[PDB]
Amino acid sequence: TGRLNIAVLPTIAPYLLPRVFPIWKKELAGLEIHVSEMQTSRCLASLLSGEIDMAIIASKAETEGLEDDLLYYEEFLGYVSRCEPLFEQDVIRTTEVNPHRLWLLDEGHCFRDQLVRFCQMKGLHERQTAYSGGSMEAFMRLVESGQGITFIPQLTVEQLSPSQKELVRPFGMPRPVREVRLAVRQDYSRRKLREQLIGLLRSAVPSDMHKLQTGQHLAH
């Protein structure tokens, strides 16, 4: 028996957890699991201090005292409003992405400038309404309403309605991907549970995602 305190990114929680919860019930029976959503900073801080046992993140921790393991890769996809000129195109054209109509998550897209081609593109901050601290939910709602463009995680596609799927435009190759990883402290003394968790989370997604597929590139 025992208890497990695990954090999860807001840009992962909605897409991954629906898949994992049923799997935990059957495999992790006898264990009380406390799930919490945090952004990366909180995750790394909580891991170190011992506030949480594990953290599901979208990047390497690269933090003294912590370590992480690959769970799966996940492509970023264009979510393009029906009002954008780019809607008539089949793929996202970097050079046609209008900086003034782009919604970027500070940490979802621009954690250490991951999608740098957009995070640091000229004209980005030139618009009436600046949006900071925004959520994927908000951004998608905006796009669906005909305002702008944003980027959504592959795992969310199967959750999308027929109408929503129409807004999806993948990238031209190479396609941007983030890495979803399970982070802990180096001295984490539950190696067997850790091992079990890694397996369960990885089994929560299609195996194809376990490895970088030709045509995909880790966004840096």
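Position 1 is the first residue in the sequence shown; the rest follow in order.
Higher mean CA temperature factor, per the PDB entry, when comparing 122-130 with 107-115: 122-130.
Mean C-alpha B-factor is higher over 48-56 than over the other stretch, the pair under comparison being 48-56 and 148-156. The PDB entry assigns the greatest CA B-factor among 192, 181, 165, 178 to 192. Ranked by C-alpha B-factor against the other modelled residues of its chain, residue 203 falls in the middle third. In the PDB entry, residue 37 places in the middle third of its chain by CA B-factor. Among all modelled residues in its chain, residue 93 ranks in the highest third by Cα B-factor.
The deposited CA B-factor of residue 43 belongs to the middle third of values across its chain. In the PDB entry, residue 209 places in the middle third of its chain by CA B-factor.
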